[PDB]
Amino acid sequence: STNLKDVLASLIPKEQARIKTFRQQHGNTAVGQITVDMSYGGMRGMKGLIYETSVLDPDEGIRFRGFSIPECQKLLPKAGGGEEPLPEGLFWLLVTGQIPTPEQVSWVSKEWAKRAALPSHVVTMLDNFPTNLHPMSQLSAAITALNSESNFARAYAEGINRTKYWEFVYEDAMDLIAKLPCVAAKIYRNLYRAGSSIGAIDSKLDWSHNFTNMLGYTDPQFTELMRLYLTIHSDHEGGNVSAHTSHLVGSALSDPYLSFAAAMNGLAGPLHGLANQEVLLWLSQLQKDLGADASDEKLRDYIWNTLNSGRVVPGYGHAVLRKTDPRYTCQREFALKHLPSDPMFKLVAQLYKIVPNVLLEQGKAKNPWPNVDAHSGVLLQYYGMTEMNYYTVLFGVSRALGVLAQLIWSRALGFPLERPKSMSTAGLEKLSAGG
């Protein structure tokens, strides 16, 4: 009855035509200009990609297919007795552009439970990895190793016509999303619960709930946090490091497994997703140096030392946002409702009153406001997940939803190889005159 694949089959040809015509009329229209500073500056401010699933406004933050976070909270189906949106529903919205029904949502949940299964070579590999290998590296290696199972890789090798690429990318996408929590939970248990098992999938629960059970958490509020977490970290337009990496690698026709693993190596960067872990380590040194209940003057001193030592203050600033991240707000709000008296929370709250000011005073950051990473780990710590080197893995699990939803569309729309032109400083000087 419900079948996302049949819905996409109808949607595809219509978008194809729409884009065709628009390009007929405006393909040559100029949308911007490229300056020397932009090339030197990591393409800052260059409109360079088409990415359909979400769009980020510098002032307002993220919109998923046109809806803001509050809107999603309000419109997406929730679990029975739940308050937080189910990520299954978000996935539906990203892929189709339509708010799903609860019936649609449960189908997604069953599909994902049905496809969750790991091959033994992956299991062995994880089980044989050393404990000093970072969780993200263990994750990226496992997903890379899962490509032996790719249906897209296989169909390509069989010579399938390019028009059908999307159908195979869709299947690998749904298989990958299904498997992710098992890989992630296996890493968690091996490293932190040595000798225990992740157990089995219950085809009757939502994806978030089977994940938390594999992680070994019983608290129902924890289940709720995970639903919210997994929904909000899902996508953030196409230019962010991880989504752009998946997009660029996927453009070459590498399979979804290879494309997502590469993305993961981009998310593990300190300036990207690893910031969530970096925030907790910075907070821990803080409370350690200064000891728990600090004065404002002492916090400022602490921030200045970081700055003066040639380092960044993690969880603050953004390449495109210019105001406080609604993802940060959304987390604050969860904390105020559920763990208002937590001391770490209280510390994060205090920093909100100080860090921006210090950053403004320094005068280098364009955006002195916090980003999602400044508020995430604090919530996780409260429930007992104190292993901070594992936090980025949660972000990776969520990010699969967004990048994979777009990957289907990239192939459906026939986007070609991403291949811009590069320049040397010497060549660029000549192009202009020099300086």
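Whichever C-alpha set is largest while still superposing within 1.5 Å between the two forms counts as the rigid core. The first residue of the shown sequence is 1; numbering continues from there.
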> in 4 other deposited structures of this protein, superposed on the rigid core, which stretch sits farther off in Cα RMS terms, 70-78 or 188-196?
Replying inline: 188-196
> Out of 214-222 and 77-85, which one has CA B-factors that are higher on average in the deposited record?
Replying inline: 77-85
> Which has the higher mean CA temperature factor in the PDB entry, 351-359 or 139-147?
Replying inline: 351-359
> Out of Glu278, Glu167, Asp325, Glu333, which one has a C-alpha B factor higher than all the others in the entry?
Replying inline: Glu333
> Which of these, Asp59, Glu52, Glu387, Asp373, has its C-alpha atom at the highest B-factor, as the entry lists it?
Replying inline: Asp59
>> Ranking every modelled residue in this chain by its Cα temperature factor as given in the entry, which third contains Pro343?
In response: highest
> Split the chain's modelled residues into thirds by Cα B-factor; is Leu11 in the lowest, middle or highest one?
Replying inline: highest
>> Quick check for you: using the entry's CA B-factors within this chain, is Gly396 in the lowest, middle or highest third?
In response: lowest
>> Please place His209 in the lowest, middle or highest third of its chain according to the CA B-factor in the PDB entry.
In response: middle
>> Using the temperature factors of the C-alpha atoms in this entry, rank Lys47 within its chain: lowest, middle or highest third.
In response: highest
